[PDB]
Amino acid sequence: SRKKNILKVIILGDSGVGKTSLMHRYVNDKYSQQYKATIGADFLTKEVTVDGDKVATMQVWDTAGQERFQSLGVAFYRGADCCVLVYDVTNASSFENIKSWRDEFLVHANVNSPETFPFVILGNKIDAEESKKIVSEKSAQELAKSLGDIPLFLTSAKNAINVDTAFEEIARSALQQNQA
C-alpha cells in the first residue's frame, strides 16, 4: 500500500535560480510568481512512468539556496538516486557555483560510485530577455562534459519550457541508479 522504494531526487543550486519553481512546475504543473525562500528541506512526490512501461514514485527534495536558511544541514542527502544542479542563465555566479554543489553532494550523500552517480544540470530562466541571459549554452556544455558528460537541459519553470523533458531524463537516470 503506502511503503515504496521511491526514487529520491535532490535539487541543489544557489538561491534565486528557481528550484522551488521547477519542483512545482514538474509535480503540480503550476507556477506562482512568488514563492517564499526555501528553509530547510522538504519534498513532494509524483507518480510517473519511465520510458513507456515502468511505474515509479519520485520523491523530489527542494532545498535552501541561502546559507542562513540551511537550518537542517545536509544529512538528508543520503540515499539519493539522482542529484539535480540548477543554475540561472541570467546569473553568472550561480553557474560558477555548479561544481561546488556537485561536490557538496558527493561529500555528504555517501554514494558508492561518484563517477557513475547520475547528475543532471538545469539552466533555468531560458525565457528571459536575450540581453539578460549571460551564461552561454556552449559554456554550460563545456562544464557538463568536464564533470563527466552529465546531461544539460535549458528550462523555464515559468513558461513550462523543457521541464518535462528534463525530468524525463532525471527519472530515467534515477531509476537506473536505484535498480543497479
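Start at 1 and count along the sequence shown; that's the residue number.
Higher mean CA temperature factor between 67 to 75 and 94 to 102: 67 to 75, per the PDB entry.
Taking the PDB entry as given, 110 to 118 carries the higher mean Cα B factor of the two stretches 110 to 118 and 54 to 62. Highest CA B-factor among the listed residues (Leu143, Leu154, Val27, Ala41): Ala41. Among the modelled residues of the chain, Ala180 sits in the highest third by CA temperature factor in this PDB entry.
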